[PDB]
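Colleague: Structure provided below as C-alpha coordinates; questions to follow.
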Amino acid sequence: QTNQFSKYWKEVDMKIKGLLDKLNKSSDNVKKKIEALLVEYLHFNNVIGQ
(Lines give C-alpha, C1' and ligand atoms only; values in the text may rest on other atoms or scores of the structure.)
Protein backbone atom coordinates (compact mmCIF):
# COMPACT_ATOMS: atom_id res chain seq x y z
CA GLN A 1 0.00 0.00 0.00
CA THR A 2 2.65 2.52 0.94
CA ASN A 3 4.91 1.51 -2.01
CA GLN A 4 8.19 1.78 -0.06
CA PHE A 5 9.75 -1.32 -1.61
CA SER A 6 13.26 0.14 -1.62
CA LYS A 7 13.27 0.57 2.19
CA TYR A 8 12.47 -3.01 2.95
CA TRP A 9 14.58 -4.18 0.07
CA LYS A 10 17.58 -2.58 1.74
CA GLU A 11 16.69 -4.01 5.15
CA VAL A 12 16.51 -7.54 3.78
CA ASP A 13 19.76 -7.02 1.84
CA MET A 14 21.44 -5.88 5.04
CA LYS A 15 20.18 -9.01 6.73
CA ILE A 16 21.46 -11.11 3.84
CA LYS A 17 24.95 -9.66 4.08
CA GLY A 18 24.84 -10.10 7.85
CA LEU A 19 24.06 -13.75 7.42
CA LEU A 20 26.72 -13.98 4.71
CA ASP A 21 29.43 -12.76 7.05
CA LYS A 22 28.23 -15.07 9.78
CA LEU A 23 28.27 -17.95 7.29
CA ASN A 24 32.03 -17.95 6.71
CA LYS A 25 32.64 -17.92 10.49
CA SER A 26 30.13 -20.69 11.19
CA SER A 27 30.52 -24.26 12.37
CA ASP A 28 29.42 -27.16 10.16
CA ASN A 29 26.24 -27.80 12.18
CA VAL A 30 24.80 -24.31 11.82
CA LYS A 31 26.25 -23.84 8.33
CA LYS A 32 23.46 -25.78 6.60
CA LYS A 33 20.92 -23.83 8.64
CA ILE A 34 22.41 -20.58 7.46
CA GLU A 35 22.40 -21.74 3.82
CA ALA A 36 18.78 -22.80 4.21
CA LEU A 37 17.89 -19.34 5.39
CA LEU A 38 19.83 -17.60 2.63
CA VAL A 39 17.92 -19.36 -0.11
CA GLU A 40 14.69 -18.14 1.52
CA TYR A 41 16.04 -14.63 1.90
CA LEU A 42 16.95 -14.59 -1.76
CA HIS A 43 13.38 -15.50 -2.48
CA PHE A 44 12.11 -12.63 -0.35
CA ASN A 45 14.45 -10.19 -2.07
CA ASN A 46 13.58 -11.50 -5.51
CA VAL A 47 9.91 -10.97 -4.86
CA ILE A 48 10.49 -7.43 -3.59
CA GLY A 49 12.67 -6.65 -6.58
CA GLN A 50 10.01 -7.79 -8.97
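Chains: A, B, ... in order of the C-alpha coordinates. Residues: from 1 per chain. Ligands: from 1, in order shown.
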Give me, as a list in words, all polymer residues having an atom no more than 8 Å from residue 45 of chain A, counting only C-alpha atoms and skipping those fewer than 6 positions away in the same chain.

Modeller: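 Listed by chain and then number, they are residues 9, 12 and 13 of chain A.
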
Colleague: Would you mind reading off the distance between atom CA of residue 6 of chain A and atom CA of residue 40 of chain A, one decimal, in Å?

Modeller: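 Atom CA of residue 40 of chain A lies at a distance of 18.6 Å from atom CA of residue 6 of chain A.
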
Colleague: Give the helix (DSSP H, G or I) residues of chain A, as DSSP finds them on the backbone, and put them as number ranges by chain.

Modeller: A: 5-24, 28-49

Colleague: Using only C-alpha atoms, can you tell me which of A:48, A:30, A:42, A:36 comes closest to residue 15 of chain A?

Modeller: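 When distances to residue 15 of chain A are compared using only C-alpha atoms, the smallest one comes from A:42.
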
Colleague: Using only C-alpha atoms, which residues sit within 8 Å of segment 17-25 of chain A once same-chain residues fewer than 5 positions away are excluded, as JSON, numbers by chain?

Modeller: {"A": [31, 34, 35, 38]}

Colleague: Using only C-alpha atoms, which residue out of A:28, A:14, A:37, A:4 lies closest to residue 49 of chain A?

Modeller: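 Going through A:28, A:14, A:37, A:4 one by one, the smallest distance to residue 49 of chain A is for A:4.
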
Colleague: Which residue, A:39, A:26, A:44, A:32, has the smallest gap to residue 10 of chain A when you use only C-alpha atoms?

Modeller: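 Using only C-alpha atoms, residue 10 of chain A sits closest to A:44.
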